[PDB]
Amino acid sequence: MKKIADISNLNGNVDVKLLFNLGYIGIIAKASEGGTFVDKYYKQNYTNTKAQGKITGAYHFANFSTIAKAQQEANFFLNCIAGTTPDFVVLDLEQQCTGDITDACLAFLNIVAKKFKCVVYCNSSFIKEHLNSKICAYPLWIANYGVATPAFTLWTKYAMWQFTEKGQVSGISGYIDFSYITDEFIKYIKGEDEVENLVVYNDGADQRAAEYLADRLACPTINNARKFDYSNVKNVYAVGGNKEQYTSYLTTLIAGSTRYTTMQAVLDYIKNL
């Protein structure tokens, strides 16, 4: 799994190339805290990361319990990152609060998500004490230190997992946090859509044969009558019929002269896989 670092004003002036030398694919930088705290290193952290072609993130350190306050913080975070275009942004939740703050969190996110892909960062216990599954509309950046594998509730999958808050590199002040970042999340923030396998069929008997192939490939099927954009599919399989019936993106055709030999061809293709 790839890794990403996060930094803030506590780290001072950072040569981000030290981190890129260590293999980190980007930098998530603190932009703001609460309603008025401006991170005075954010701009240069974003700038030097984006300039070098690496992944950028911006995080806001929340201090809200109420909807109103969440909205003020959301507008303030956007004001702090204006003039920068991070790949994604992060609502960092660790504030002292009571009870379930999920609606306030959604109020923040509703504002920010119109401009940036948002992620929610928190630890396992914060989730249990203060959130409900409505939060799961956004991906999770789980902070879980000391564990071999992260454990959390509400979400079933993480986008990033912050595994230490005690990273250290000579020439960078303070501690740096490090995170694993999934290939699914990297695709998401890059706009990368590619579906691996799709099986196409026409109405009738060939649909039977197509489903067997799709079971083997563990993929979807699609009726050829459906107007669909196949430009992003890597392997487009068709079952039955002629090439001329199908998308210009077609790359495998399994077809016989009867419904029965088409089925036999599909079973033969499945065996040879």
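Start at 1 with the first residue shown and count on from there.
In this entry, 255 to 263 has the higher mean Cα B-factor, the comparison being between 255 to 263 and 14 to 22. For the segment pair 62 to 70 and 25 to 33, the entry gives 62 to 70 the higher mean B-factor, averaged over Cα atoms. Residue set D215, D206, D39, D229: peak C-alpha B-factor at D229 (per PDB entry). Each of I111, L140, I176, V200 has a CA temperature factor in the record; the biggest one is found at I111. Per the deposited record, the Cα B-factor of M160 falls in the lowest third when ranked against the other modelled residues of its chain. Sort the chain's modelled residues by C-alpha temperature factor and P150 lands in the highest third, per the entry.
Split the chain's modelled residues into thirds by C-alpha temperature factor. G191 is in the highest one.
Per the PDB record, residue ranking by Cα B-factor puts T56 in the lowest third of the chain. Looking at the C-alpha B-factors along this chain, the one for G171 belongs to the middle third.
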